[PDB]
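Notes follow the structure.
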Amino acid sequence: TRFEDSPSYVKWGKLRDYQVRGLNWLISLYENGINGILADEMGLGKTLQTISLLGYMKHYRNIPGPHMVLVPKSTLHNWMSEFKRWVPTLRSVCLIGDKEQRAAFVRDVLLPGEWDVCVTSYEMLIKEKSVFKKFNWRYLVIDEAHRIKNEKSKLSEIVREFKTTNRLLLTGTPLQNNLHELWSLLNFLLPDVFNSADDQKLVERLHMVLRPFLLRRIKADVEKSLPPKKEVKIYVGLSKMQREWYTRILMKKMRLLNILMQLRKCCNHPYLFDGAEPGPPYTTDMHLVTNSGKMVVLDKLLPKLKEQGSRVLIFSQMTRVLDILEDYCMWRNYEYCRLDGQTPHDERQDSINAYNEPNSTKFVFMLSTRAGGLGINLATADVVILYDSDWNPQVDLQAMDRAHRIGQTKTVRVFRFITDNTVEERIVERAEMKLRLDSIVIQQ
Amino acid sequence: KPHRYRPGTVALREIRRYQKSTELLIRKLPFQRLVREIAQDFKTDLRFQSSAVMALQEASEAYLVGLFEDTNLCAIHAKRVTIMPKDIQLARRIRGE
Amino acid sequence: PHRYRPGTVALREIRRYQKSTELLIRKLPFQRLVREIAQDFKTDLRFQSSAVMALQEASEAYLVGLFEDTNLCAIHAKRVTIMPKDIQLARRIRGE
Amino acid sequence: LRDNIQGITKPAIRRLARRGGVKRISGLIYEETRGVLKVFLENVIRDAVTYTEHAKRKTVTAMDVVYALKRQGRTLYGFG
Amino acid sequence: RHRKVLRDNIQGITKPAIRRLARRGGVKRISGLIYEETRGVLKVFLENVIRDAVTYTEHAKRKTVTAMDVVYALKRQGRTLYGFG
Amino acid sequence: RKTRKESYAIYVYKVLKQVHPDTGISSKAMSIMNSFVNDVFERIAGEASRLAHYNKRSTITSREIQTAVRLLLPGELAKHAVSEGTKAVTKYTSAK
Amino acid sequence: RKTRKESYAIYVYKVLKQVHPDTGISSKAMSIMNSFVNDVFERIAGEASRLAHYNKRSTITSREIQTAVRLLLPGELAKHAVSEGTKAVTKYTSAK
Amino acid sequence: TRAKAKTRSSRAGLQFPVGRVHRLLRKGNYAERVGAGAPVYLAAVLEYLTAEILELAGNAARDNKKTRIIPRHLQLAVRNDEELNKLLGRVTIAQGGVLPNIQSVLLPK
Amino acid sequence: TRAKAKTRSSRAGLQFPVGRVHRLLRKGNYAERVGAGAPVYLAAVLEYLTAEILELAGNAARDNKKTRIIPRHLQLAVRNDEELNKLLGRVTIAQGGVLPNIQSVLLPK
DNA sequence: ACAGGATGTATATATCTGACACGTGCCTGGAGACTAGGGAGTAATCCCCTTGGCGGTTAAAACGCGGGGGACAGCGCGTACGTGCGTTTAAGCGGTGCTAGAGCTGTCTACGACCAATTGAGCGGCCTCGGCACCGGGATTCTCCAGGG
DNA sequence: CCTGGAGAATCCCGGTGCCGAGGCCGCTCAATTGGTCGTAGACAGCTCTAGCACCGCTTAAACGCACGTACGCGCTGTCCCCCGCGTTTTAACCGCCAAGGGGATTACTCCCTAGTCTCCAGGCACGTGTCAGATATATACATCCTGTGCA
Ligand SMILES: Nc1ncnc2c1ncn2[C@@H]1O[C@H](COP(=O)(O)OP(=O)(O)OP(=O)(O)O)[C@@H](O)[C@H]1O
């Protein structure tokens, strides 16, 4: 019904068959006049398809007026650079900076309306909802649709109150822990259709109702490249002092308002808590490892991963642990790069992009469960180390497959540390259940 | 050369501004942390309804404002403008605390 | 001619009256004052002796406390004499 | 009954001041003390007379005085 | 090794905050040694109120201090508060 | 379903409508007025109960409420409130 | 004859003979002690009534008395009074 | 049958819940028996006090160029009026602020 | 038949009347019901407070070389014990006097 | 001493939004009608206690005067605080994830109200004596001039 | 400027008298003992609401620092006011008497309020929309401070 090979107006774009068929599918969805969800987890890209969609909408029957793209602030410069490189015919503007900078921007750009695509962040959108509500919208592009997964959130209300003729949601993790998230997404797409919250009342009916306006293609089933990862769990024990502290915490001066939280990271490292927290900073010497069996095991496992490859990209669950280990691996006897929420974003982007290096000989690099977004592949990363698992399995999946870009042509390895007769196994089994639910919903 | 208000104009401006308003002046999170630390001594494992901390903050603000009024009165009695801990102690002693 | 310094007799009187426990206001004038004040609120009122005694006791205690606060105010003001403005400051801070 | 506030004399006020703990007294203190005594007594007597009126009597009792003082927050021990 | 405590909670209330309170009171010039005394006085007042409120909560067999408990404690102390129950 | 709570909000709004016709009120103002009415009711009821206990009676009556009003309210307010209460009792008793 | 009057005088005398076997008391001091006992009774009972009303209960119990004592008495007085009351209630339960 | 029910508040010419006040008096453990006219008298006194306070608050709100009454207007009305100030001396009105008052010694001259 | 009546105070080993306290609680309009242990608890508290104040007053009386407690001795004990002073902060004791203290500034050179 | 320049504030106008004012539907408590009982009003009588008067006495107040010390106005100074400016940080708001704890329903039991008989505990009255108030007299200590230190 | 007397003021010891404290009786009324019953609260169960621990981003607020200026404080002189003491009135204090008012008790009656049942309507929870208030932004105005002849 539409083009079968690369569109003539793309500049140097090399979108393949899956990309062109997704473009045709989105064009047909626009034709029939319904919104949709582009559920491409990875290996396919959504930025290219979205930019190609908007470029087609401009270079065909004219609709060059207002258009809104919602991105996290951490990827705005990347989005603008990719847009300029790929399709430079359209004009793009960005809403950033403080109050006076955004006032300068609205005055010198927004009122004249010489722009086709407007790229901003969630926070700026909340700040300037009133300024943005004076303009009609024809194709609202939002990435990471799980950002509006729940109702009663301010962003959900703001985006609902917006006036958009059509909508487009980009998400790689369509389901997290329950069907009310997919219901929220579908209700935002079609409020007049999915008004009510309502094996046959399940699974299969869900598949049938999601088929018409959803796309889900596996990177392995499309390209057959990107050799699959190997996932290994390591059943780690815990020290006797760790057990004693775990007991004295569990059965009961220190504050333990949230009992599950305060009887949790205990297995990660004992001295994370107060009371027995590191005392006088004697020096950076051998005191931290000897008190925790998990880091003892990590130290024992280091040499084999060090003998070759050795870019790890270790993952931990506690920021406390991430930052201490970030400033710790340098002292241990290695070189590192640091990623955290305390690092500024504008510097962060170029910093990580430049830190992507053919030869570093540094052996360590640490990213938090949240601090890592979606981008920047280290082809040298081989062995994934999961110190502790988060409740959300999709966050763990994102942390695992952030190294599963094409930039990575080697089989990648995953290491998992698990304690025994503790709540870490509880978190693991809950994550397994949620991951299985997501798999059955989005694959069967 | 740059414009410089004399020492005592901005104080009067702030006095009028703050006597004109009604909102709270202490920071909510520090006040809540102080309240929880005090409650720890009396009993551990305590939860605070969000309205209780607001009521405590309101009462603390009223008490401090009234005390400062009386302390200013004591300082004016001593033929001074600066208020002092001796003035505060005298005011508390007279009020019966 | 023997004459004490101006201020030692005051200290002796202070000590003696702080040691003593009896009333200091003349009973008959206080009784007449009470009856005169009560004449405003009611006509031809009779009183028990214990009622007048309790009124006198309460008045004495209130005035002693007021004078103590006034002395504190005067000492704060770098003085040893008490003044009507000291009494007014004491009343204002006490709550009148 | 007229001008009985003059019955409360300067020596009595000086004795009260000495018991309070003051050394020097200004000459204008006496009128102020008479005024404060007047207002205090007026309040207490008003409340006691109200109690007597409710009791439907014509005599004011020590119990009525104690009740008035307890209303004002000046509890008296030793009269009932 | 990087592990230490930041600041104790009594210093949570700040010198500019105490200055704002004194401005609302009516104070024009403030001595430098007023802030520690203000912190002590506030600590004592809060201790009394919180003791009474925790006693009420303990009697109710609850573990959540409520606005009603705070109001009852303030009324017992003699500082009736209007606007919470 | 939540258990209903009794508030004087409707009656206070009727009084406000009678006093200032075109004038509203805020939620916190309504709460403050409700608390004020509760406090005044508690004060007067406690005073009346203590009065009845002192006089060795078992009934709180209009005389007790009047005496409590005169003891609590300050002067002119007490006078006008007494007039209003007497008028209300007269209306409730005249032909009812 | 004269209608009977009630006082805690005999019990105060018993406690005095207990703590100090060779010390006497006067009528004024006995009246003061009687007033003190009445005042403490009134305060504790009123606080307990307020507590029972607040918790929506219609019975005064040992728990309410203990809580009122904790509210009213300061510090060491509260601690020792609670210990004494608990011991007395334990003995009464045992000997019933 | 039975006649049409007239509320005792409507009978007494009041605007306050005479029946609710009667129930509160009987349920407050104030005494054993309660008279018939006592709740009516108490409701009338409450009505007068509320009306005076609302009148002063409305005057203040009209002065401040506003229609809705806020706790600031309530506190402003309660203060600046000696009778109500004496009645409500020990109470604190939330978010009512403080009266504008600067001692003349501080004012430059 | 029955047995010899045992007083509740004797059963609890108290010198204060549990029965009289119970009657006063019933006739006090405090609550509709009164538990069995509440009068015992109240009597123990009253006895302890009386014992403390009487011990302090008797020590003061012996210190003054008299064998009869008077309101002066009671006042001295109450004002010298800080817990009892806080309990009786706003209480006046007839024929009590005041504590002897002279401000250090008024003492001569 | 004014003129003028630089801040701050009061004011008018246009948008926007969320809290208030009103509606609707239902349900729990207030009103109507009646019956019993005991609390309180009402009358009468007793006695005590408050008031008015009067006389004698002596302590306390009123009055005058000399003199010292404390209040008060003035001057000088050094310094701690107020003002402004630049840099850092953590509060505030928006989300995530979890579960504990409050609040309402329902059943059962054991505990306190109520009543009747009995009795000893406590209260009013009465009497005696010894602890305390008062007085006197001697011993002790504190204060204030005079001057030689 | 530290000693030394002289003079009041105070305390300690002993003797005397008086009135209130402490012990002892009668009786009557409130507390004790026994038995019954019904309702308030204890205990168990369940739902869902809210509270606690933690992340990212923004930005107002806090923190630190330099300069200078009113302000607190120490000191000095003046003078007038308060105190100490002696003297004269004045009225409080105490003892005694007489009379009448009014507080307190007792008996009798009735009328007002508790308790019940029945029903219905006023009051509350819940939705929903629109207008009063909050805010931004651009004028006009008031105020403060400092420089320039003459004060
Ligand atoms: N121009 C292209 N031509 C062909 N394949 C491409 C192109 N760009 C991206 N891809 C495919 O997409 C993979 C990753 O693309 P990219 O990093 O742009 O993803 P993304 O936009 O971050 O993903 P998501 O869809 O989850 O937002 C590559 O490894 C490759 O297989």
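Please note that chains go A, B, ... in the order of the structure tokens, that every chain numbers its residues from 1, and that ligands are numbered from 1 in the order shown.
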
Please, can I see chain F fitted onto chain G by all in-order Cα atoms (least squares), as a JSON list (two decimals) with C-alpha atoms, in the first residue's frame?
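Dumped everything to result17.json:
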[["chain", "number", "residue", "atom", "x", "y", "z"],
["F", 1, "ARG", "CA", -26.86, 18.35, 115.22],
["F", 2, "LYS", "CA", -24.98, 19.59, 112.17],
["F", 3, "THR", "CA", -24.76, 17.76, 108.86],
["F", 4, "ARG", "CA", -21.49, 15.84, 108.72],
["F", 5, "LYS", "CA", -18.73, 16.94, 106.36],
["F", 6, "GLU", "CA", -16.36, 14.49, 104.71],
["F", 7, "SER", "CA", -12.65, 15.23, 105.00],
["F", 8, "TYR", "CA", -9.50, 13.20, 104.38],
["F", 9, "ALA", "CA", -8.09, 14.40, 107.70],
["F", 10, "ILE", "CA", -7.97, 10.98, 109.39],
["F", 11, "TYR", "CA", -6.23, 9.32, 106.44],
["F", 12, "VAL", "CA", -3.73, 12.17, 106.09],
["F", 13, "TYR", "CA", -3.00, 11.87, 109.80],
["F", 14, "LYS", "CA", -2.44, 8.13, 109.41],
["F", 15, "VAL", "CA", -0.02, 8.79, 106.55],
["F", 16, "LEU", "CA", 1.78, 11.43, 108.63],
["F", 17, "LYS", "CA", 2.02, 9.00, 111.54],
["F", 18, "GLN", "CA", 3.55, 6.41, 109.23],
["F", 19, "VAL", "CA", 6.03, 8.92, 107.77],
["F", 20, "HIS", "CA", 7.05, 10.92, 110.86],
["F", 21, "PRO", "CA", 5.88, 9.05, 113.99],
["F", 22, "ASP", "CA", 6.35, 11.81, 116.59],
["F", 23, "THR", "CA", 5.07, 14.77, 114.60],
["F", 24, "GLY", "CA", 1.78, 16.66, 114.70],
["F", 25, "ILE", "CA", -0.11, 19.01, 112.40],
["F", 26, "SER", "CA", -2.12, 22.23, 112.64],
["F", 27, "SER", "CA", -5.75, 22.90, 111.76],
["F", 28, "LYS", "CA", -4.90, 25.22, 108.87],
["F", 29, "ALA", "CA", -2.32, 22.71, 107.66],
["F", 30, "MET", "CA", -5.03, 20.04, 107.76],
["F", 31, "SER", "CA", -7.33, 22.28, 105.71],
["F", 32, "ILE", "CA", -4.56, 22.91, 103.17],
["F", 33, "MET", "CA", -3.83, 19.19, 102.84],
["F", 34, "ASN", "CA", -7.55, 18.46, 102.43],
["F", 35, "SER", "CA", -7.84, 21.10, 99.69],
["F", 36, "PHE", "CA", -4.71, 19.72, 98.00],
["F", 37, "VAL", "CA", -6.08, 16.18, 97.97],
["F", 38, "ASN", "CA", -9.40, 17.42, 96.57],
["F", 39, "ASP", "CA", -7.63, 19.40, 93.84],
["F", 40, "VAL", "CA", -5.40, 16.49, 92.78],
["F", 41, "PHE", "CA", -8.40, 14.14, 92.72],
["F", 42, "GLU", "CA", -10.36, 16.61, 90.59],
["F", 43, "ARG", "CA", -7.48, 17.11, 88.14],
["F", 44, "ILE", "CA", -6.86, 13.38, 87.65],
["F", 45, "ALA", "CA", -10.58, 12.59, 87.37],
["F", 46, "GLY", "CA", -11.12, 15.33, 84.79],
["F", 47, "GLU", "CA", -8.15, 14.17, 82.74],
["F", 48, "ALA", "CA", -9.42, 10.58, 82.82],
["F", 49, "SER", "CA", -12.93, 11.67, 81.81],
["F", 50, "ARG", "CA", -11.57, 13.66, 78.86],
["F", 51, "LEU", "CA", -9.43, 10.68, 77.85],
["F", 52, "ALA", "CA", -12.42, 8.35, 77.89],
["F", 53, "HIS", "CA", -14.47, 10.83, 75.87],
["F", 54, "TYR", "CA", -11.68, 11.15, 73.30],
["F", 55, "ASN", "CA", -11.35, 7.38, 72.91],
["F", 56, "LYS", "CA", -15.16, 7.03, 72.73],
["F", 57, "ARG", "CA", -15.19, 4.76, 75.79],
["F", 58, "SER", "CA", -17.63, 4.86, 78.69],
["F", 59, "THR", "CA", -15.53, 3.37, 81.52],
["F", 60, "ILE", "CA", -12.83, 5.06, 83.56],
["F", 61, "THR", "CA", -10.30, 2.29, 84.19],
["F", 62, "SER", "CA", -6.80, 1.76, 85.57],
["F", 63, "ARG", "CA", -5.28, 2.44, 82.15],
["F", 64, "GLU", "CA", -7.09, 5.79, 82.02],
["F", 65, "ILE", "CA", -5.95, 6.69, 85.54],
["F", 66, "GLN", "CA", -2.36, 5.72, 84.69],
["F", 67, "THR", "CA", -2.42, 7.84, 81.53],
["F", 68, "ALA", "CA", -3.85, 10.79, 83.47],
["F", 69, "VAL", "CA", -1.12, 10.43, 86.09],
["F", 70, "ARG", "CA", 1.57, 10.40, 83.41],
["F", 71, "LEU", "CA", 0.04, 13.46, 81.75],
["F", 72, "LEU", "CA", -0.24, 15.48, 84.96],
["F", 73, "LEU", "CA", 2.62, 14.53, 87.30],
["F", 74, "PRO", "CA", 6.13, 15.78, 86.28],
["F", 75, "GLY", "CA", 8.52, 12.95, 85.47],
["F", 76, "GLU", "CA", 10.08, 11.12, 88.43],
["F", 77, "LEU", "CA", 6.97, 11.70, 90.53],
["F", 78, "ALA", "CA", 4.95, 10.14, 87.71],
["F", 79, "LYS", "CA", 7.27, 7.13, 87.58],
["F", 80, "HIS", "CA", 7.12, 6.42, 91.31],
["F", 81, "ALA", "CA", 3.37, 7.05, 91.50],
["F", 82, "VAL", "CA", 2.87, 4.61, 88.61],
["F", 83, "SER", "CA", 4.91, 2.01, 90.49],
["F", 84, "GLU", "CA", 2.78, 2.53, 93.61],
["F", 85, "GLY", "CA", -0.50, 2.31, 91.70],
["F", 86, "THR", "CA", 0.56, -0.86, 89.90],
["F", 87, "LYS", "CA", 1.58, -2.41, 93.22],
["F", 88, "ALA", "CA", -1.75, -1.48, 94.80],
["F", 89, "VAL", "CA", -3.77, -2.92, 91.90],
["F", 90, "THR", "CA", -1.67, -6.09, 92.02],
["F", 91, "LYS", "CA", -2.38, -6.46, 95.74],
["F", 92, "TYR", "CA", -6.11, -5.84, 95.25],
["F", 93, "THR", "CA", -6.29, -8.34, 92.36],
["F", 94, "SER", "CA", -3.91, -11.14, 93.38],
["F", 95, "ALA", "CA", -6.07, -13.02, 95.88],
["F", 96, "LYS", "CA", -9.16, -10.86, 96.39]]

(Q) Can you pull out the residues contacting range 138-144 of chain J? Cut-off 9 Å, using only C-alpha atoms (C1' of nucleotides), and skip same-chain residues under 4 positions away; I want them as number ranges by chain. (A) C: 2-5, 8; K: 7-13

Dump of N, CA and C atoms (P, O5', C5', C4', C3', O3' and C1' of nucleotides) for the selected residues, as a JSON list (two decimals), in the first residue's frame:
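The result, written out as selection_8.json:
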[["chain", "number", "residue", "atom", "x", "y", "z"],
["C", 2, "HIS", "N", 23.42, 58.58, 116.11],
["C", 2, "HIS", "CA", 23.53, 57.35, 115.35],
["C", 2, "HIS", "C", 22.59, 57.37, 114.16],
["C", 3, "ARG", "N", 23.13, 57.11, 112.97],
["C", 3, "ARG", "CA", 22.33, 57.06, 111.75],
["C", 3, "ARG", "C", 22.88, 55.97, 110.85],
["C", 4, "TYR", "N", 22.04, 55.00, 110.50],
["C", 4, "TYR", "CA", 22.45, 53.96, 109.58],
["C", 4, "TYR", "C", 22.59, 54.53, 108.17],
["C", 5, "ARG", "N", 23.38, 53.85, 107.35],
["C", 5, "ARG", "CA", 23.52, 54.23, 105.96],
["C", 5, "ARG", "C", 22.19, 54.06, 105.24],
["C", 8, "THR", "N", 20.68, 49.98, 104.52],
["C", 8, "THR", "CA", 20.82, 48.78, 105.35],
["C", 8, "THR", "C", 19.52, 48.44, 106.07],
["K", 7, "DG", "P", 28.10, 54.34, 123.12],
["K", 7, "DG", "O5'", 27.15, 53.74, 121.99],
["K", 7, "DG", "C5'", 26.97, 54.46, 120.78],
["K", 7, "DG", "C4'", 26.00, 53.74, 119.87],
["K", 7, "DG", "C3'", 24.77, 53.16, 120.56],
["K", 7, "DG", "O3'", 23.62, 53.42, 119.78],
["K", 7, "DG", "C1'", 25.92, 51.45, 119.39],
["K", 8, "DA", "P", 22.21, 53.73, 120.49],
["K", 8, "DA", "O5'", 21.19, 52.84, 119.67],
["K", 8, "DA", "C5'", 21.48, 51.47, 119.48],
["K", 8, "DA", "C4'", 21.12, 51.04, 118.07],
["K", 8, "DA", "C3'", 19.90, 50.15, 117.99],
["K", 8, "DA", "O3'", 19.33, 50.23, 116.70],
["K", 8, "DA", "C1'", 21.90, 48.87, 117.69],
["K", 9, "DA", "P", 17.89, 49.59, 116.43],
["K", 9, "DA", "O5'", 18.20, 48.07, 116.06],
["K", 9, "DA", "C5'", 19.11, 47.77, 115.02],
["K", 9, "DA", "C4'", 19.27, 46.28, 114.83],
["K", 9, "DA", "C3'", 18.03, 45.44, 115.15],
["K", 9, "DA", "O3'", 17.82, 44.50, 114.12],
["K", 9, "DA", "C1'", 19.89, 44.66, 116.41],
["K", 10, "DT", "P", 16.66, 43.40, 114.23],
["K", 10, "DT", "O5'", 17.42, 42.11, 114.76],
["K", 10, "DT", "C5'", 18.57, 41.66, 114.09],
["K", 10, "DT", "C4'", 19.15, 40.44, 114.76],
["K", 10, "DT", "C3'", 18.13, 39.37, 115.15],
["K", 10, "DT", "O3'", 18.54, 38.12, 114.63],
["K", 10, "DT", "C1'", 19.56, 39.87, 116.98],
["K", 11, "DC", "P", 17.61, 36.82, 114.80],
["K", 11, "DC", "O5'", 18.41, 35.95, 115.87],
["K", 11, "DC", "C5'", 19.80, 35.72, 115.70],
["K", 11, "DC", "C4'", 20.38, 34.98, 116.88],
["K", 11, "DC", "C3'", 19.57, 33.78, 117.37],
["K", 11, "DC", "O3'", 20.46, 32.77, 117.80],
["K", 11, "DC", "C1'", 19.81, 35.32, 119.13],
["K", 12, "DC", "P", 19.99, 31.24, 117.81],
["K", 12, "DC", "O5'", 20.40, 30.74, 119.27],
["K", 12, "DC", "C5'", 21.64, 31.13, 119.82],
["K", 12, "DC", "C4'", 21.57, 31.13, 121.33],
["K", 12, "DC", "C3'", 20.73, 30.00, 121.93],
["K", 12, "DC", "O3'", 21.43, 29.39, 123.00],
["K", 12, "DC", "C1'", 20.00, 32.08, 122.76],
["K", 13, "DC", "P", 21.00, 27.93, 123.50],
["K", 13, "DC", "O5'", 20.43, 28.18, 124.97],
["K", 13, "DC", "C5'", 21.29, 28.70, 125.97],
["K", 13, "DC", "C4'", 20.49, 29.16, 127.17],
["K", 13, "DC", "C3'", 19.46, 28.15, 127.68],
["K", 13, "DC", "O3'", 19.69, 27.90, 129.05],
["K", 13, "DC", "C1'", 18.49, 30.31, 127.41]]

Q: Using only C-alpha atoms, select each residue of chain E with any atom at most 12 Å away from an atom of chain G, and give the selection as an MDAnalysis selection string.
A: chainID E and resid 48:62 68:69 71:73 75:77

For those residues, write N, CA, C and O atoms to a file as a compact mmCIF listing (two decimals), in the first residue's frame.
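Result saved to part.txt:
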# COMPACT_ATOMS: atom_id res chain seq x y z
N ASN E 48 8.06 19.06 75.28
CA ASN E 48 6.84 18.98 76.09
C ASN E 48 5.64 18.55 75.25
O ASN E 48 4.89 17.62 75.61
N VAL E 49 5.45 19.21 74.10
CA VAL E 49 4.28 18.91 73.27
C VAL E 49 4.32 17.46 72.79
O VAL E 49 3.30 16.76 72.80
N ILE E 50 5.50 17.00 72.36
CA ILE E 50 5.62 15.66 71.82
C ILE E 50 5.44 14.62 72.91
O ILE E 50 4.86 13.55 72.67
N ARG E 51 5.92 14.89 74.13
CA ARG E 51 5.68 13.95 75.22
C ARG E 51 4.18 13.77 75.46
O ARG E 51 3.69 12.64 75.56
N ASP E 52 3.44 14.88 75.52
CA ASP E 52 2.00 14.75 75.74
C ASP E 52 1.32 14.01 74.58
O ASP E 52 0.47 13.14 74.80
N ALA E 53 1.70 14.34 73.34
CA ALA E 53 1.09 13.70 72.18
C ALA E 53 1.39 12.20 72.14
O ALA E 53 0.51 11.39 71.82
N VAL E 54 2.63 11.81 72.45
CA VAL E 54 2.99 10.40 72.45
C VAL E 54 2.27 9.67 73.57
O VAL E 54 1.89 8.50 73.41
N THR E 55 2.05 10.33 74.71
CA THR E 55 1.25 9.69 75.76
C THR E 55 -0.17 9.42 75.28
O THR E 55 -0.72 8.33 75.51
N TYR E 56 -0.78 10.40 74.60
CA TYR E 56 -2.12 10.17 74.06
C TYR E 56 -2.13 9.03 73.04
O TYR E 56 -3.02 8.17 73.07
N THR E 57 -1.14 9.01 72.14
CA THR E 57 -1.07 7.95 71.14
C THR E 57 -0.88 6.58 71.78
O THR E 57 -1.49 5.59 71.35
N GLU E 58 -0.04 6.50 72.81
CA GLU E 58 0.15 5.25 73.54
C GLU E 58 -1.15 4.79 74.18
O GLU E 58 -1.47 3.59 74.15
N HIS E 59 -1.91 5.71 74.77
CA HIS E 59 -3.19 5.32 75.35
C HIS E 59 -4.13 4.78 74.28
O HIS E 59 -4.82 3.78 74.50
N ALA E 60 -4.16 5.42 73.12
CA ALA E 60 -5.04 4.96 72.05
C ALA E 60 -4.61 3.63 71.44
O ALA E 60 -5.33 3.11 70.58
N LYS E 61 -3.47 3.07 71.86
CA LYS E 61 -2.91 1.83 71.32
C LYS E 61 -2.55 1.94 69.85
O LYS E 61 -2.52 0.94 69.14
N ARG E 62 -2.26 3.15 69.38
CA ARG E 62 -1.84 3.38 68.01
C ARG E 62 -0.34 3.63 67.97
O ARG E 62 0.32 3.76 69.00
N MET E 68 -5.20 15.21 65.96
CA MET E 68 -6.04 15.32 67.15
C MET E 68 -5.20 15.15 68.41
O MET E 68 -5.37 15.89 69.37
N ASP E 69 -4.28 14.19 68.41
CA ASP E 69 -3.39 14.03 69.56
C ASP E 69 -2.60 15.30 69.82
O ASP E 69 -2.47 15.74 70.97
N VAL E 71 -3.45 18.36 68.99
CA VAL E 71 -4.36 19.40 69.45
C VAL E 71 -4.73 19.19 70.92
O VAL E 71 -4.79 20.15 71.70
N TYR E 72 -4.98 17.94 71.31
CA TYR E 72 -5.29 17.67 72.71
C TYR E 72 -4.11 17.99 73.61
O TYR E 72 -4.28 18.56 74.70
N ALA E 73 -2.90 17.64 73.17
CA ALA E 73 -1.71 17.98 73.95
C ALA E 73 -1.55 19.49 74.11
O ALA E 73 -1.24 19.98 75.20
N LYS E 75 -3.94 21.77 73.94
CA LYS E 75 -4.98 22.26 74.83
C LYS E 75 -4.63 21.98 76.29
O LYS E 75 -4.86 22.83 77.16
N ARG E 76 -4.07 20.81 76.58
CA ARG E 76 -3.65 20.52 77.94
C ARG E 76 -2.56 21.47 78.39
O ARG E 76 -2.57 21.95 79.53
N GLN E 77 -1.60 21.77 77.51
CA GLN E 77 -0.55 22.72 77.87
C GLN E 77 -1.09 24.14 78.03
O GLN E 77 -0.47 24.94 78.75

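Contact shell of residue 36 in chain B at 9 Å (only C-alpha atoms (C1' of nucleotides); same-chain neighbours under 4 positions omitted): residues 31, 32, 40, 46, 47 and 48 of chain B.
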
Q: Could you report the residues within 6 Å of ligand 1, using only C-alpha atoms (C1' of nucleotides) and all ligand atoms, as a PyMOL selection string?
A: chain A and resi 13-16+40-47+172+374-375+405-407

Please provide the set of residues having any atom within 10 Å of residue 33 in chain B, restricted to only C-alpha atoms (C1' of nucleotides), with same-chain residues fewer than 6 positions apart removed, written as an mmCIF file with N, CA, C and O atoms, in the first residue's frame.
data_model
loop_
_atom_site.group_PDB
_atom_site.id
_atom_site.type_symbol
_atom_site.label_atom_id
_atom_site.label_comp_id
_atom_site.auth_asym_id
_atom_site.auth_seq_id
_atom_site.Cartn_x
_atom_site.Cartn_y
_atom_site.Cartn_z
ATOM 1 N N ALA B 39 10.994 12.702 68.935
ATOM 2 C CA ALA B 39 10.101 11.588 69.237
ATOM 3 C C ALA B 39 10.849 10.278 69.448
ATOM 4 O O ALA B 39 10.354 9.407 70.176
ATOM 5 N N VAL B 53 2.608 17.042 61.959
ATOM 6 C CA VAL B 53 3.810 17.860 61.833
ATOM 7 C C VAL B 53 3.438 19.295 61.483
ATOM 8 O O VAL B 53 4.061 20.247 61.967
ATOM 9 N N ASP E 8 23.550 17.559 62.756
ATOM 10 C CA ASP E 8 22.500 17.203 63.698
ATOM 11 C C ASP E 8 21.268 18.077 63.479
ATOM 12 O O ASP E 8 21.338 19.184 62.940
ATOM 13 N N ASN E 9 20.122 17.555 63.917
ATOM 14 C CA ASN E 9 18.834 18.063 63.461
ATOM 15 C C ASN E 9 18.466 19.413 64.065
ATOM 16 O O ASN E 9 17.679 20.151 63.465
ATOM 17 N N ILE E 10 19.005 19.756 65.237
ATOM 18 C CA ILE E 10 18.654 21.037 65.845
ATOM 19 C C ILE E 10 19.141 22.191 64.981
ATOM 20 O O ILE E 10 18.481 23.234 64.896
ATOM 21 N N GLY E 12 18.943 22.218 61.962
ATOM 22 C CA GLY E 12 18.093 22.281 60.788
ATOM 23 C C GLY E 12 17.447 23.641 60.614
ATOM 24 O O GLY E 12 17.379 24.168 59.501
#
